[PDB]
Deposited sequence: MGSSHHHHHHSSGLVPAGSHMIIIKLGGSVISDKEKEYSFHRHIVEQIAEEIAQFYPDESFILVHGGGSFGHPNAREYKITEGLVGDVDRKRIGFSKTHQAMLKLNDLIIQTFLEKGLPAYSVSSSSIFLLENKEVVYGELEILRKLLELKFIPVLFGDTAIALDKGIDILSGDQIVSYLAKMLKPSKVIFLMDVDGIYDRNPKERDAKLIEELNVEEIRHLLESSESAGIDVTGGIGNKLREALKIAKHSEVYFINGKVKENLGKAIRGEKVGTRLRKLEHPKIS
């Protein structure tokens, strides 16, 4: 309905979080917002959590817990930044409501998020460690959380704040690239970032998708208002 999901990339830059909160404050509270950020990941690679519950099991469990705690610290920093700006952002543990199989959320709990949104709260989830029915433990990325929430909650739009202006033709590092302001299935179906494109193809069934540069503040508001900004992938037909 009148709900918007916002996903954040990677860097801790406090000023950019301040800008994101200030832009979100333009539509609170008559517009519902769910926030999702990413890594914590250093512990994810150091403990090879994606390897599963194989080999040294106890060390993998300890690293699972430590990575979750580091993600909680980063999430608390973001939460306090949002709270100082007068926004009631509430932390929701992703690993406490989600269960994966093959890097995909196959079990979820969403009544708590619904009651948070109803009471004019802003839930904030994170890419996190997670329990996986196949290989015991796994790393759940924020893109999968966004995909599941789009499957179930069906937001009005999903906005990805990236380090670059949006989806490009060539690699942004390889100059002479061009920006695609209007994205559709045929262009996304070019895979020779990729996982984000597959998740966007899955999400466009339910909601509009925006890819905008989070470094520019006003950008966020534009994507929420529907103005031309970055890359836009409309709802599929």
Comparing deposited sequence to modelled residues, the uncovered ranges are 1-18, 30-39, 68-70, 224-236, 282-286
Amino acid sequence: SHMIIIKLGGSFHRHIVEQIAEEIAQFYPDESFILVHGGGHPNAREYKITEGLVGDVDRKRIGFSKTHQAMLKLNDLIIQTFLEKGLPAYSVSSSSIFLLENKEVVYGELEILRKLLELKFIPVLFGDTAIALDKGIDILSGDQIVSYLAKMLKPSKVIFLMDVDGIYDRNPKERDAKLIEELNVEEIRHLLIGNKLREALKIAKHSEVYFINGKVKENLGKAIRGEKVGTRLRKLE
From here on, numbers count along this sequence of modelled residues.
Answer yes if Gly40 is missing coordinates in at least a third of the other compared entries, and no if every one of them models it. yes
Output the stretch having the higher mean C-alpha B factor in the entry; the candidates are 161-169 and 110-118. 161-169
Taking the mean of the C-alpha B-factors per stretch from the entry, tell me the winner out of 51-59 and 172-180. 172-180
Of the three thirds of its chain by CA temperature factor, lowest, middle or highest, which one includes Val17? middle
Name the third of the chain's ranked CA B-factors that contains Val36, choosing lowest, middle or highest. lowest
Mind checking which third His68 falls in for C-alpha B-factor across the chain? lowest
Grab the CA temperature factor for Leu153 from the record and place it in the lowest, middle or highest third of its chain. lowest
Split the chain's modelled residues into thirds by Cα B-factor; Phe126 lands in the highest
